[PDB]
There are 2 protein chains.
Amino acid sequence: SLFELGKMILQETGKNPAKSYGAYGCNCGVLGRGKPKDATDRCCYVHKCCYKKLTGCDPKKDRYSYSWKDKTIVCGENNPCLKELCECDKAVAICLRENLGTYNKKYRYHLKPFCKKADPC
Amino acid sequence: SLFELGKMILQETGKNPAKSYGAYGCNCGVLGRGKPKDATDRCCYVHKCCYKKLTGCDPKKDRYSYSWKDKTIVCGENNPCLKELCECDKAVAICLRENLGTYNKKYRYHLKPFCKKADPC
């Protein structure tokens, strides 16, 4: 769920997930995707395409288990959808840390109508 | 959808809905409900209970038609669910404006474990 997603982002980035990534660019936050503004936004773009592949679970509300082992997110779920879901959130959190170097606050609270439509995943 | 909701909030409050309400208190822009921290937070509590009453449509994704007539949000649906959904979103947008007077930025990115159990809808 968003709880695990936010927690992972916190663990990887060190950043408050809601403030930094609850509404950034065209892909991080509510609504769907859009043409990404930067690398950080593209992580969320990939993340939402990753969500699309999931069936049998709810990426927003369904909680799942993972552990923080050797400072690495280790998804601990047998159930395929939850396991894939975990790996989706793990990927974006890793991706966000990797591109924190070009994070730009100007993209926070970016408005959707000023995002160009996304290509399909 | 969340797009129409966001637009209403902007139209009513004049505020970027993400910055002001994307994470406020225990009910605004956060997963689940919690005891409202203030009046603005209470708007979002009511809004989520409002959503819960809906049968037949999806609050987050289902688009609906409304208009801005004489600086008033005017829903434009006959379908009961889409109509009620629109009114749900309309009411929270208005509620948020009517409570800007006690809006407090300390409730932004509010820590969930400070939230007590919400009353039932």
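Some points to look at:
- Percent RCO, i.e. relative contact order, over region B:19-62, from Cα pairs under 8 Å lying at least 6 residues apart: 25
- Local net charge near B:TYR66, Cβ-Cβ under 14 Å (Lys/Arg +1, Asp/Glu -1): -2
- When each full DSSP H helix of chain B is screened for a Cα extent of at least 24 Å along its own axis and an average Kyte-Doolittle hydropathy of at least -0.5, the helices passing are B:80-98.
- Cut-off 10 Å between beta-carbons: net charge of the residues surrounding A:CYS81, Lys and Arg +1, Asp and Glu -1: -2
- Taking chain B and dividing mean pair separation by its residue count, relative contact order in percent (alpha carbons under 8 Å, at least six apart): 37
- Other protein chain C-beta atoms within 10 Å of residue C-beta, averaged over A:29-41: 2.
- Max-minus-min Cα coordinates of the protein assembly as shown on each principal axis give 57, 40, 35 Å, with the largest extent listed first.
- Ordered by the count of other Cβ atoms within 10 Å of each Cβ, fewest first, B:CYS44, B:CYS50 give B:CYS50, B:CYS44.
- Label-to-label distances for A:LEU10 across copies, nearest first, come out at 3.0 nm, using points 7 Å from Cα in the beta-carbon direction.
- Going from the fewest other Cβ atoms within 10 Å to the most, the residues B:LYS112, B:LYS15 appear in the order B:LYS112, B:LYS15.
- Entry note, region A:33-93: relative contact order of 34 percent, from Cα contacts under 8 Å with a spacing of 6+ residues.
- Pairs exceeding a 18 Å alpha-carbon distance, out of A:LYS37/B:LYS60; A:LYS19/B:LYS19; B:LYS48/B:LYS90: A:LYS37/B:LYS60.
- With eigenvalues of the C-alpha gyration tensor scaled by 5 and rooted, chain A, Å: 23, 17, 11
- Estimated dipole of chain A in Debye, rounded to 20 [Cβ of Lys and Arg +1, of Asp and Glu -1, Cα centre]: 580
- Label 7 Å beyond Cα on the Cβ vector: A:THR102 copy-to-copy distances, nm: 4.6
- Cα lying deepest toward the dipole's positive end in chain B, options B:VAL46, B:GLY32, B:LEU111, charges on Cβ: B:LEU111
- Over chain A, DSSP H runs of length four or greater, each weighted -39,500 (n - 2.57), average out per residue to a 222 nm ellipticity of -13000 deg cm²/dmol.
- Between A:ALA23 and A:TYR109, the built amide H atoms are under 5 Å apart, and every one of these is 5 or more places off in sequence or on another chain.
- Distance (nanometres) between label positions extended 7 Å along Cα→Cβ at B:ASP38 and A:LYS69: 4.5
- Only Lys, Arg, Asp and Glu carry charge here, each on its Cβ (+1 for the first two, -1 for the last two); on that basis the protein assembly as shown has a dipole of about 620 debye about its Cα centre.
- Förster radius 25 Å - calculated FRET efficiency between A:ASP58 and B:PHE114, Cβ distance, rounded to 0.05: 0.50
- Cross-link pairs exceeding 28 Å in C-alpha to C-alpha distance, out of A:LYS61/B:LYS7; B:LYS71/B:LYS112; A:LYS61/B:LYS69, comprise B:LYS71/B:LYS112; A:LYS61/B:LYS69.
Where a number appears in this text, it was derived from the coordinates with a stated rule and is not lab data. Methodologically, a virtual Cβ is constructed for each residue, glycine included, from the backbone with ideal geometry; neighbour enumeration extends over all protein chains shown.
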